[PDB]
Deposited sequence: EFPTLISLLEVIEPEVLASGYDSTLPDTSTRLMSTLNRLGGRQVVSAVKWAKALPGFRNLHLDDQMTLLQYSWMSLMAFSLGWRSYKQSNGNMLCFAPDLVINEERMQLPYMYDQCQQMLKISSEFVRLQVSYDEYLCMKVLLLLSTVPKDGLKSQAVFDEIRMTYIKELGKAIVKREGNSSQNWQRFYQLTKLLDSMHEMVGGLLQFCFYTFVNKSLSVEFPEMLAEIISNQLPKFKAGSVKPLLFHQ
């Protein structure tokens, strides 16, 4: 019989991309942020493929699929970054890629320290709660489904049912490992706090995107997403789904 949803989430999880960061040239903040955005664009492409393979996702209207990915790309990438940093270094360093870790000479670069602290926060929550792989996979799906327009979606019905599916799945992963309800509480608190941790990252992203002087480069993928997303965030027409 048919493979479990959880086993499917494992097979569709993208492989970690390499950055090609040349730690041979001198470390500058503009160059590091540019490299991170390049790697970001590629990871997002990877996430579109992943979302497409996601049972249920293709049943949403194309506008809604686009909306969800637009609003949650930053949280998807920050969540995986937290995961890799947890597995690869127990949350001691940011592990962006096998060829790109943030050491103390590049954490001390202008603008870096604060953004890196916010990202390590995410990592250290995985450490605190000792999150399992399966918990992580289900939570990552829920993140894709966590930020919606205040004016609702088109296929609201299909959307509500998709959320129910993956909440079930998180529940099952919790069952198959404190106490079930406490664990669910803690993990959905973690999801809720992602909105705050990531709001700050978005703010800095918008700043590096709009700042002419700074000359941080964005690939065209992200540039188009960010460019579109920015007016919606100013206008405050973006709603977090919170469990609490």
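Stretches with no C-alpha atoms in the model, relative to the deposited sequence starting at 1: 178 to 181, 249 are the stretches of the deposited chain that have no C-alpha coordinates in the structure.
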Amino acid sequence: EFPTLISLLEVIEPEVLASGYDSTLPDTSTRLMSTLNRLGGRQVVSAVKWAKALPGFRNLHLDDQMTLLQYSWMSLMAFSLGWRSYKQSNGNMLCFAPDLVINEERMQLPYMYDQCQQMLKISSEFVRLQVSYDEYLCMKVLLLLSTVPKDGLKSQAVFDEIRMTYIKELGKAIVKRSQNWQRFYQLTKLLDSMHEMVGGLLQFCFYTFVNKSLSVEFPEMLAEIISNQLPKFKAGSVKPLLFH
From here on, numbers count along this sequence of modelled residues.
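Greater mean Cα temperature factor according to the PDB record, 108 to 116 or 165 to 173: Comparing 165 to 173 with 108 to 116, the higher average CA B-factor belongs to 108 to 116.
Stretch with the greater mean C-alpha B-factor as recorded in the entry, comparing 56 to 64 against 34 to 42: So the stretch with the higher mean C-alpha B-factor is 56 to 64.
Out of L214, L191, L69, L202, residue topping the C-alpha B-factor column of the entry: By C-alpha B-factor in the record, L214 ranks first.
Candidate residues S132, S80, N92, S146, the one whose C-alpha B factor the record puts highest: The record points to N92.
Modelled-residue ranking by C-alpha temperature factor, third containing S85: Its C-alpha B-factor, which the entry lists for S85, ranks in the middle third among residues of this chain.
CA B-factor ranking of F218, expressed as a third of its chain: Middle third by C-alpha B-factor.
Assigned third (lowest, middle, highest) for the C-alpha B factor of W181: According to the entry, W181 has a C-alpha B-factor in the chain's highest third.
Lowest, middle or highest third - CA B-factor, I122: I122: CA B-factor falls in the middle third of its chain.
Position of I225 among the chain's modelled residues by C-alpha B-factor, lowest, middle or highest third: For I225, whose C-alpha B-factor we compare with every modelled residue in the chain, the answer is the middle third.
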